[PDB]
Amino acid sequence: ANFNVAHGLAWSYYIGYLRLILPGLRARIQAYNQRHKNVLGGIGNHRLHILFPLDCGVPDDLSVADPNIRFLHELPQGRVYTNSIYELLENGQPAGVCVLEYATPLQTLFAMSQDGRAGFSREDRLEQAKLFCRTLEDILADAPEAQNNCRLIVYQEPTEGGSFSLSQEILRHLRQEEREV
Amino acid sequence: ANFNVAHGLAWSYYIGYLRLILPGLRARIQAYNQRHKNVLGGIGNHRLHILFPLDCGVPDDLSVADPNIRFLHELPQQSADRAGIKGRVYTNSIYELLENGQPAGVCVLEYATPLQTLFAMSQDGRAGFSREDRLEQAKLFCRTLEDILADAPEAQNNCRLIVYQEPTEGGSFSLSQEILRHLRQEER
Ligand SMILES: Nc1nc(=O)c2ncn([C@@H]3O[C@@H]4COP(=O)(O)O[C@H]5[C@@H](O)[C@H](n6cnc7c(N)ncnc76)O[C@@H]5COP(=O)(O)O[C@@H]3[C@@H]4O)c2[nH]1
């Protein structure tokens with residue numbers, strides 16, 4: 001079989017999702033900030049943060065296993081598209097809040113490498129993950145309204161487990177984006 | 001610039017949708033029937049019927065596509081935590097197929113999403129992806145997905161692929177008639 005899938009994953013993810021949700025994301029975050037102004041506190045960073053584990057290990061547990069990343073609130077809105085606001089903690093204390101999620105199509109790359117078909121090893125998976133990343137960034141580089149409204153967080157380590165701190169990785173990105181504004 | 005997307009679309013649709021939605025479909029249909037069979041009626045056909053128009057953009061709505069296709073009811077939603085989204089929602093719908101002014105069939109029915117992706121790609125204004133390219137990628141997407149499913153016995157027993165051309169110059173074609181022919185061949 002032909003396992004050159006990265007280009008299809010990138011265009012699927014852009015055309016079928018980022019192109020659809022990124023234009024209205026800032027307004028949904030501002031709507032949330034206004035609804036909950038006197039109560040819940042506000043989200044200053046209006047970008048979508050997309051976690052991109054190159055090992056394609058994408059959890060579905062809302063990061064319950066990582067106590068420094070905690071689901072805070074749904075970002076609300078036929079097909080339904082919703083997003084998630086997460087709290088980041090550092091030294092046990094709150095440290096950040098942002099709209100955050102994983103690049104779901106990495107789970108397709110994971111299943112292909114696990115599904116025990118031949119001709120698609122873990123190294124083949126990593127090469128497809130990188131090409132998926134590069135193609136997506138090339139697509140986003142020519143859609144400046146999309147590039148304005150999302151940031152990819154790419155990393156090599158297991159997303160959960162071991163000494164790598166995903167919360168610190170996300171926090172570092174938030175502070176970088178803070179410098180840009 | 002590299003618009004060879006069909007292979008990725010097929011694997012993504014299989015892993016990220018069919019493998020996720022098909023195992024729970026029968027229970028959702030059973031729940032629908034227990035709630036509705038005594039008034040609205042029940043659904044005897046428990047398979048997901050997926051439409052693959054090869055040579056025409058995916059209509060945004062089935063009743064628009066064919067006046068002989070009428071929305072009946074949604075199934076209970078499938079909700080699941082997914083890649084950081086809490087309770088991501090997957091919805092599926094039952095349609096009735098009309099013939100000569102009477103309902104003639106009822107089934108869970110939808111379009112294959114990647115064909116909509118391909119259509120949007122050809123309409124986005126970028127150079128190098130014409131209707132000709134779209135048609136070639138649509139056939140390859142269908143072929144690849146069928147190749148994958150021929151290795152997936154459980155899935156292929158729980159969905160049915162309805163693949164068809166459409167005429168563009170007034171040759172007779174009824175989408176409901178095409179679906180009905182498939183439904184009546186499944187009862188064998
Ligand atoms: N009929 C149908 N109903 C659905 O709910 C659905 N969800 C996905 N799909 C299609 O199955 C395949 C796999 O989806 P995956 O989630 O792995 O990639 C998805 C996913 O990464 C992202 N995405 C789409 N919708 C959502 C969503 N509600 N929440 C988060 N991410 C989403 O954008 C990618 C492409 O989405 P679609 O372009 O709508 O087509 C998909 C795709 O062809 C669906 N098809």
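Start at 1 and go down the list; that is how both ligands and their atoms are numbered. By convention in this document, chain letters (A, B, ...) are assigned in the order of the sequence lines, proteins followed by strands, and residues within each chain are numbered from 1. Computation of the quantities below employed the complete heavy-atom set of this structure, encompassing side-chain atoms and omitting hydrogens, waters and symmetry-equivalent molecules.
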For the residue pair [X] and [Y], establish whether any side-chain heavy-atom pair is separated by less than 4.5 Å.
X: A:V154; Y: A:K130; answer: no
X: A:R28; Y: A:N83; answer: yes
X: A:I69; Y: A:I170; answer: yes
X: A:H46; Y: A:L25; answer: no

How far is [atom] from its nearest protein heavy atom, and which residue and atom name does that atom have?
atom: atom 8 (C) of ligand 1; result: B:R88 NH2, 3.2 Å
atom: atom 33 (O) of ligand 1; result: A:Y17 CB, 3.1 Å
atom: atom 38 (O) of ligand 1; result: A:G16 CA, 3.4 Å
atom: atom 5 (O) of ligand 1; result: B:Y90 CD2, 3.3 Å

Within the distance-only criterion (no hydrogens, no angle test), does the side chain of A:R70 pair as donor or acceptor with the backbone N or O of A:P67 below 3.5 angstrom? yes
Give a yes or no on whether the backbone of A:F71 and the side-chain of A:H73 come within a donor-acceptor separation of less than 3.5 Å. no
So if I count the atoms of ligand 1 from 1 in the order they appear, which ones are less than 4.0 Å from some heavy atom of [X]?
X: B:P114; result: 43 (O)
X: A:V80; result: 28 (N)
X: B:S12; result: 12 (C), 13 (C), 42 (C)
X: A:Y13; result: 21 (O)
X: B:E110; result: 1 (N)
X: B:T117; result: 38 (O)

Considering only heavy atoms, which of B:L20, B:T113, A:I21, B:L115 lies nearest to atom 2 (C) of ligand 1? B:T113
Classify the contact between A:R79 and ligand 1 as side chain, backbone, both or neither, using a heavy-atom distance cut-off of under 4.0 Å. side chain
Answer yes if the ring centres of A:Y155 and A:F164 are under 6.0 angstrom apart, and no otherwise. yes
Aromatic ring proximity A:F132/A:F52, centre distance under 6.0 Å: yes
Sub-4.0 Å heavy-atom approach of B:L9 to ligand 1: no
Could you note down all residue pairs passing salt bridge (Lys or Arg N to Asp or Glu O under 4.0 Å) where residues 31-46 of chain B supplies at least one of them, sequence neighbours left out? none
